[PDB]
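All residue numbers refer to positions in the sequence shown, counting from 1. Note that ligands are numbered from 1 as they come in the structure, with each ligand's atoms numbered from 1 the same way.
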Amino acid sequence: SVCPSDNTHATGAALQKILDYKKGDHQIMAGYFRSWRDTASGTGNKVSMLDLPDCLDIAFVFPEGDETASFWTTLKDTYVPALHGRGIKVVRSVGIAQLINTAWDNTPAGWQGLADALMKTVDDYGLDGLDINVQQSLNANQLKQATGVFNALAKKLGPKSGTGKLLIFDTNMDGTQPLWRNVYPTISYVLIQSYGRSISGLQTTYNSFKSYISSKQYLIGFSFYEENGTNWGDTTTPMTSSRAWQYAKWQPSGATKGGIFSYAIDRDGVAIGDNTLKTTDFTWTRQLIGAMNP
Ligand SMILES: CC(=O)N[C@@H]1[C@@H](O)[C@H](O)[C@@H](CO[C@@H]2O[C@@H](C)[C@@H](O)[C@@H](O)[C@@H]2O)O[C@H]1NC(=O)C[C@H](N)C(=O)O
């Protein structure tokens with residue numbers, strides 16, 4: 001209720017009230033910003049990470065791996081400080097593929113070396129932590145390497161580090177995945193990719209994790225419509241009937257969830273089927289923040 005009804009960017013009094021909101025108890029909002037859709041990357045893009053709503057908790061930098069040096073420069077020099085001004089945390093996402101890369105020794109030294117290399121994606125940009133995207137099962141050697149890397153990262157990020165920086169586990173699999181069973185003690189938040197998913201399933205998936213976390217570490221994710229993308233149908237009209245809305249309102253039985261996240265937050269409000277790039281006032285984000293913290 002200290003959050004703008006449009007996407008205004010507070011400056012003084014209006015700002016401090018948003019900072020103090022974020023310092024206190026709330027269901028948090030996170031969003032994956034597709035780096036290749038930032039105005040500072042290539043051309044033709046309409047949305048910039050500077051547009052992101054003041055009442056957002058975490059912004060994920062999600063590169064595809066071809067983004068121009070302009071974007072990274074902009075991120076370091078411009079976007080991170082501005083987003084830090086609004087009390088918005090900025091977190092680099094990387095695929096689990098990076099943590100099981102066989103170019104890196106499957107040894108203690110190898111795990112540290114790989115962690116150090118991944119920590120440069122955080123430190124070199126003044127980021128608030130690292131998000132590992134886990135969407136695949138692992139063999140015994142891949143598991144051993146990924147676990148080692150998590151344990152090394154845990155010295156600088158997440159609940160074991162004492163730095164206040166985040167180590168985030170984002171996945172479309174459940175809490176029986178061996179990697180989760182090995183690294184759950186290192187994890188700040190666990191974000192469940194729940195695009196197109198039955199509301200009837202949310203408790204079942206949550207139950208798989210609940211013994212390893214508090215409810216406040218758990219987030220569920222819906223997708224915005226990606227240009228030429230999968231039709232998850234998470235953002236159908238009317239809004240207050242959408243899967244996204246149902247996610248904001250959903251609570252595990254007996255407890256309160258940590259919040260929700262959007263994939264492709266740069267596509268906030270673009271209709272399902274509209275494959276053009278457009279600007280956004282982040283209506284859906286700000287509305288869903290309000291629907292969680294009334
Ligand atoms: C091969 C492929 O397209 N994989 C994508 C993957 O790259 C996406 O990030 C992923 C995100 O969604 C999550 O995983 C799936 C498996 C479900 O469990 C979702 O509910 C999760 O949020 O999705 C993959 N794409 C698909 O699964 C699309 C699917 N084949 C379809 O056409 O409906």
Side-chain angles (χ1 to χ4, degrees), residues 27-38 41 47 58-67 91-101 121 130-139 142 146 168-181 183 187 189-210 213 217-236 241-250 252 257-268 270-275 284-285 288 292:
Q27 278 193 91
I28 64 152
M29 171 67 75
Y32 284 93
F33 202 106
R34 302 181 302 149
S35 306
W36 67 98
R37 287 286 156 243
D38 196 77
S41 201
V47 189
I58 298 151
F60 296 111
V61 179
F62 198 90
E64 278 271 288
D66 300 308
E67 287 82 357
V91 173
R92 174 60 190 275
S93 326
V94 298
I96 188 63
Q98 309 298 347
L99 276 71
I100 61 168
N101 183 343
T121 82
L130 187 64
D131 162 39
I132 320 305
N133 181 359
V134 184
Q135 285 179 331
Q136 71 193 72
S137 59
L138 302 175
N139 66 54
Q142 293 177 326
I168 290 170
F169 193 109
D170 98 68
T171 186
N172 63 347
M173 288 158 79
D174 75 350
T176 70
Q177 68 188 112
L179 174 67
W180 173 261
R181 295 292 175 94
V183 311
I187 294 305
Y189 298 102
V190 64
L191 275 53
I192 315 304
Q193 300 168 211
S194 313
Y195 324 140
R197 278 197 190 183
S198 174
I199 293 88
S200 304
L202 294 177
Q203 184 66 53
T204 307
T205 300
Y206 170 75
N207 275 5
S208 77
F209 283 98
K210 70 175 191 269
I213 48 120
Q217 304 181 261
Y218 201 77
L219 281 77
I220 48 174
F222 73 90
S223 193
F224 287 118
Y225 181 65
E226 279 186 283
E227 66 277 355
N228 307 117
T230 301
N231 180 15
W232 301 112
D234 295 349
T235 49
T236 68
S241 295
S242 73
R243 185 179 286 105
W245 185 270
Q246 293 187 247
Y247 280 12
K249 289 322 211 180
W250 181 87
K257 75 174 183 291
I260 72 169
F261 66 93
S262 63
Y263 190 62
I265 197 173
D266 58 286
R267 295 284 283 171
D268 179 314
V270 172
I272 299 165
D274 179 352
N275 290 328
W284 278 69
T285 292
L288 283 169
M292 277 182 320

Do any pairs count as a side chain to side chain donor-acceptor pair (under 3.5 Å) and have a residue in residues 29-38, sequence neighbours left out, and if so which ones? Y32-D131, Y32-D170, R34-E226, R34-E227, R34-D266, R37-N45, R37-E227, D38-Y79
Could I get the full list of ring-ring contact (aromatic ring centres under 6.0 Å, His included) partners for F224, not counting sequence neighbours? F222
Using atom types as modelled and distance alone, determine if a side-chain donor or acceptor of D268 lies under 3.5 Å from a backbone N or O of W284. yes
Set of residues that line ligand 1, where lining means a heavy atom lies under 4.0 Å from it: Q135, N172, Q193, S194, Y195, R197, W232
Polar contact flag, side-chain donor to acceptor under 3.5 angstrom, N101-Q98: no
Please identify each residue that fulfils ring-ring contact (aromatic ring centres under 6.0 Å, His included) with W232, with sequence neighbours left out. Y195
Are the aromatic ring centres of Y263 and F62 under 6.0 angstrom apart? yes
